[PDB]
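Let me begin by presenting the structure, written as structure tokens, before commenting on it.
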Amino acid sequence: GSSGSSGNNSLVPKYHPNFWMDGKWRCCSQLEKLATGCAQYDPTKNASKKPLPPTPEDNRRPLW
Ligand SMILES: [Zn+2]
């Protein structure tokens, strides 16, 4: 028994820095009910840091 999984993203993780009114957003003013964030995330503006990515492996190989 357990729980906790992660998926993959397609487009930069945006957000709505404004509210939605008048059948349309205020920050982006989109025309979709599930309109995805418009403002792109912020690399600097944050309270966390991540190290550099690891290195890949060599040519494929069987599992025997
Ligand atoms: Zn927006």
- Item | Value of Rg to Rh for the chain (Rh from inverse mean 1/r over Cα pairs, i.e. Kirkwood) | 1.18
- Kindly rank 36-42, 50-56 from highest to lowest mean number of other beta carbons found within 10 Å of each residue. 36-42, 50-56
- Taking amide H positions as placed in the peptide plane 1.01 Å from N, state which residues far from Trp25 in sequence (5 or more) or on other chains have amide H under 5 Å from it. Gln30
- Item | Nearby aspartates and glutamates by direct alpha-carbon distance to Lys33 (threshold 20 angstrom, same-chain neighbours under 8 apart not counted) | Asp22
- Calculate the dipole size of the chain relative to its Cα centre from +1 charges on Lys and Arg beta carbons and -1 charges on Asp and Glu beta carbons; express the result in debye to the nearest 20. 80
- A correct fewest-to-most ranking of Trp25, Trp20, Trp64 by other Cβ atoms within 10 Å would be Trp64, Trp20, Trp25
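Here Cβ is always computed from backbone atoms with ideal geometry, including for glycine, and neighbour counts include all displayed protein chains. Quick note: the coordinates plus some simple rules give every number you see, no bench work behind them.
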